[PDB]
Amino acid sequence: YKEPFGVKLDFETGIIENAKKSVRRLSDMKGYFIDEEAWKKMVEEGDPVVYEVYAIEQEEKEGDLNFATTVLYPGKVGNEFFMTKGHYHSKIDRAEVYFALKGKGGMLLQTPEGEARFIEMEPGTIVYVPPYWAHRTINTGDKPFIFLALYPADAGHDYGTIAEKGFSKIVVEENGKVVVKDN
């Protein structure tokens, strides 16, 4: 039997005790933002951190659960808001649940058949990501966007699909939050 445990989550910083921390800078997201020059330019300026993750994951096993907070920093590549790489689940059939804790943003989701959805998130918002949907989180404000994600331990990852095909929409700013088609 594995040992149960309790770890503290800091509502102000999003940091979880004993969690495994990972960092993703702009340089780690080549080809993700539509404006390549804005990207190359910002990177040369010492690619700032786009987001950090504090995760507690179990072995890949059916019925078990993983959890992690993400600190999505505010910013834009051109006029495209800072975002996570996003992905599909290796075992696409797994769902996910997000709980927004600080700041504001939204989640962009997509199905293999072409459907795309954008769900706005503010502190207290719980987003249910159904099985089969690819998803990415977006920070649409000027402050850090912090959220806790809970997902099946055997969900796995699938960035390739998005790495190539990607999402059918991009979220940018036109004096206001705008969701438009992607190329």
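All residue numbers refer to positions in the sequence shown, first residue = 1.
- In this entry, 28 to 36 shows the higher mean Cα temperature factor of the pair 137 to 145 and 28 to 36.
- Relative to its counterpart among 80 to 88 and 67 to 75, 80 to 88 has the higher mean temperature factor, C-alpha atoms as listed in the PDB entry.
- Annotation for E122, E115, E44, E57: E44 ranks highest, by Cα B-factor.
- In this PDB entry, the Cα temperature factor of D154 sits in the middle third of its chain's modelled residues.
- Placement of the Cα temperature factor of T13 within the chain: middle third of the modelled residues, per the deposited record.
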